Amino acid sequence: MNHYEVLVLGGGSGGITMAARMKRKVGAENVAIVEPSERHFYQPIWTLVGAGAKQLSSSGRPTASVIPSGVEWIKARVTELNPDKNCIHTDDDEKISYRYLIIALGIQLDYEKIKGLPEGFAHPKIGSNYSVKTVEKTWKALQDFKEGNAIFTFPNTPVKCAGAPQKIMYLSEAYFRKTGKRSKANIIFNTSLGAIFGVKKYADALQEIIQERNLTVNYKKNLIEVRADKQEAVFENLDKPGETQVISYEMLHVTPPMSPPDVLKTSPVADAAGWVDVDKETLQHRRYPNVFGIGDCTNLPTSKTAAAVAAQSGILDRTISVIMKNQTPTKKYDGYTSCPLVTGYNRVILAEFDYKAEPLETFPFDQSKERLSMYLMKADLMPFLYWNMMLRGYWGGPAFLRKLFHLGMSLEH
């Protein structure tokens, strides 16, 4: 049975970042990544891809080109987790043991929970920014929009980047004004949630936009059926159960229902809902002390964002180092996360907050305003930071940046 001191499950944002950091602690030959996909994507780009502002090719690189040098890429899927015996099963019929385990399997998309998807994507006028197979269909549907309803959904499940389903709406509405079709478009946001955003400061700002641009937002409305050939969508009224509505669309962006990865749902490392059961502050597993979790696959009570993964990687780096010296972890993860809310083709409301859902802004100015600077940062600077800093283990969030920015705001006050 092959053994690795540190075994990383998943070759995404959290997996590649943790493998880079652990490589410095224990050596590249003592680290392994279990990842099936041959491509690695910076998913935050797909919002602008579906809006036509960015190309899909720029968001992906071969998985081989982000594996840390010297670290073994176990190209396969995880099929079973047996933490009581510190081992893992693999769709190549291979068993792997570990001294420490880092689980970073992300979140799972389930378009099939909606009738009848994904078969409906074979037809025009419908897309989804959440899949590499459908993000370009969002842009094609936005280009070919003539007249009618432009409908954007938010499912009744946990999601990754909760702001993305409404980012493309603001971008679509700006495109309609840009190209002389706003008078023809009826923009509808049907969300299963009862609020536009989970933080008061940024939700109030997003509400100003919704009123100013005459966007229709129906809360507690969930998409249940797509009749793609008919170009109809069926929504259920979560507020009055039993009520359903069939509505035509000239453009339909679908945010799929999401769930923990299937291999984790009934796994011994999951909680009652299927997420990896980890400590809120240290990211160490609550049952098995040599198991750790990071990212969308965990039950960390904060937003599932790559920005949260960056902040979690720094905490988890310390947690495992302290555990490696038999000590007790002291640095607590604050639940930092950020959703770069694109409101136009050159504006971004940069929401940053913590576990208490209170703003934790990095910059001195008020980030609840739409800013060209925050757009230029997200579009033209974050991608470089992602490939070159974070995936190499040199980015643990903007905590140090926030402190030194506030120090200068004390030098001035």
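Between two forms, the rigid core is defined as the largest C-alpha subset superposing within 1.5 Å. Numbering starts at 1 and follows the sequence shown.
Where the structures in 5 other deposited structures of this protein are fitted on the rigid core, 235 to 243 is the one of 235 to 243 and 332 to 340 whose C-alphas sit farther from the shown form on average. The stretch with the higher mean CA B factor, choosing between 324 to 332 and 157 to 165, is 324 to 332. Taking the PDB entry as given, 80 to 88 carries the higher mean Cα B factor of the two stretches 194 to 202 and 80 to 88. When the Cα B-factors of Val342, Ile151, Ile210, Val135 are read from the PDB record, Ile210 comes out highest. Out of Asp296, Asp144, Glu94, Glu236, it is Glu94 whose C-alpha atom has the highest B-factor in the PDB entry. The deposited CA B-factor of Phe292 belongs to the lowest third of values across its chain. For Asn186, the recorded CA temperature factor ranks within the middle third of the chain's modelled residues. For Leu264, the recorded CA temperature factor ranks within the middle third of the chain's modelled residues. Per-chain ranking of the deposited C-alpha B factor places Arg227 in the highest third. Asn30: CA B factor lies in the highest third for its chain, per the PDB record.
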